[PDB]
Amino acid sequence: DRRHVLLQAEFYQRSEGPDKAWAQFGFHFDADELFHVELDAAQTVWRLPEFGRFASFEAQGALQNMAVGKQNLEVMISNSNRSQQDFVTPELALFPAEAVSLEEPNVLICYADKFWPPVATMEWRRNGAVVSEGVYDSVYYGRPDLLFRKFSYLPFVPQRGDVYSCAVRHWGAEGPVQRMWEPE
């Protein structure tokens, strides 16, 4: 039970038609995120802000890795003669953080798993209406099988008859994947 893994994971990706570029740099411990760097702002963002009281990371190293990783992306695009792979659709889990009691505060978790590439937005609805107050979206966590996963969190106070949904729009997809959840 006693092994642990620290991972520095980075990715650089781009789409044509439409044209868009993305980048991520994070540290991960076992299944959990330590931090990611906001590459625009050269800012380390700890997954739990208390981690920042015990350690620091200079984003300089991430800015250097981003530059070389974007160039390596163009090298692999040319050496592969622009070879591409099939997208893999997200699988959704939708569950509360805690034991549900009506009119007591809680957090609904939408977990998108086993998808590729790591581009996916979550949309929350309550009784068919879009809700977004206090929502937190995670960065993309890798898997040994080279697919990705992501978490979104909706703070909620449940009423009898509420119906919650999480919809995941994966890049290029003709429609979202969706899951519904009801209290009790």
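The first residue of the shown sequence is 1; numbering continues from there.
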**OP:** On mean C-alpha B-factor from the PDB entry, just flag whether 171-179 or 158-166 is the higher one.
**Re:** 171-179
Original post:
Which wins on mean Cα temperature factor, 72-80 or 97-105?
Top reply: 97-105
**OP:** Check the PDB entry and point out which of 129, 48, 55, 139 has the largest C-alpha temperature factor.
**Re:** 129
Subject >> Position of residue 43 among the chain's modelled residues by C-alpha B-factor, lowest, middle or highest third >> reply: highest
Original post:
If you rank the chain by CA B-factor, which third does residue 37 end up in: lowest, middle or highest?
Top reply: lowest
**OP:** Within this chain's modelled residues, let me know which third the CA B factor of residue 67 belongs to: lowest, middle or highest.
**Re:** middle
Subject >> Chain-relative CA temperature factor third for residue 152 >> reply: lowest
**OP:** Among all modelled residues of this chain, ranked by Cα B factor, put residue 59 in the bottom, middle or top third, i.e. lowest, middle or highest.
**Re:** highest
